[PDB]
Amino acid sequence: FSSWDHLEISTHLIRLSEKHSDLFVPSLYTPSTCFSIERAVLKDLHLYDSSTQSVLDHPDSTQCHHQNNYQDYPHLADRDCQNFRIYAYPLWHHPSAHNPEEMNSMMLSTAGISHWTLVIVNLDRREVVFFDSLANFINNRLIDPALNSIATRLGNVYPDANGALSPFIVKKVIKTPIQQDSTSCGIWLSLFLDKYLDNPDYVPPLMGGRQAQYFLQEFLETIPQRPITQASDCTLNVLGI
């Protein structure tokens, strides 16, 4: 398997967004990291005021950075950026980075050095789903505060059925590694999102090594029958297509 880089992963997200109109695809230019994912989610839900540098208690559409932005969001130029329900973020990690400056410098240079995972925010199900094909590649000390802080902040905005502001549930769905090589993480998380969007209770099967390879190959072999057809020339250019 040729690995999938940020552009290949983003291409699959755009492909999925053509099938699932509720799916928000984040920046095509900057992947998220454990240090930046909460800020990215809050800004995409219009819950962040860059002028006070403050989290908002309710969305404020005047804070929107999705319009007229053809570097990060050419695919949102003609959408209502508010109208989405499922937000899926490719998340880049390297274990040698211990602060945002280190993680960012490393990411900017590279995004077998990269590891890719996925954070999904599902507003309808009040859940934050974290997918890592290697299960625990990211130290809990780094990923858990981010997942739980997002869950807590979004619970205060999207109430539960009891009328309470309970945190969204966090689901770290892979307990046993499914990935068998050093390079296929981007393909795995793309397959996961594909299946999740048809069934949010989906969890990939535990497979032998050879079976997993055949499984991934089967997924890859669908891709040529699934061209992107609704994207603007600007979006296609950013995707490197």
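Quick note: we count residues from 1 along the sequence shown, nothing fancier.
- Missing from the model but present in the deposited sequence, between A111 and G112: Gap between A111 and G112: 4 to 9 residues without coordinates.
- Task: Report the stretch with the higher mean CA temperature factor, choosing between 214 to 222 and 21 to 29 on the basis of the entry.
- Result: It is 214 to 222 that shows the higher mean C-alpha B-factor.
- Look over 95 to 103 and 126 to 134 in the entry and identify the one with the greater average Cα temperature factor. The entry gives the higher C-alpha B-factor average to 95 to 103.
- Message: If I read the C-alpha B-factors straight from the PDB entry, which of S61, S190, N199, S36 is highest?
- Response: Result of the comparison over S61, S190, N199, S36: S61.
- Message: Between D80, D160, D72, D144, which one tops the list for Cα B-factor in this entry?
- Response: If I rank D80, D160, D72, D144 by C-alpha B-factor, first place goes to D80.
- Please place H65 in the lowest, middle or highest third of its chain by C-alpha B factor as given in the entry. As the PDB entry reports it, the C-alpha B-factor of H65 lands in the highest third of its chain.
- Item | Lowest, middle or highest third - CA B-factor, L206 | Its C-alpha B-factor, which the entry lists for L206, ranks in the highest third among residues of this chain.
- Comparing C185 with the other modelled residues of its chain, is its CA B-factor in the lowest, middle or highest third? Answer is middle: the recorded C-alpha B-factor places it there.
- Message: What third of the chain does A40 rank in for C-alpha temperature factor, lowest, middle or highest?
- Response: Answer is lowest: the recorded C-alpha B-factor places it there.
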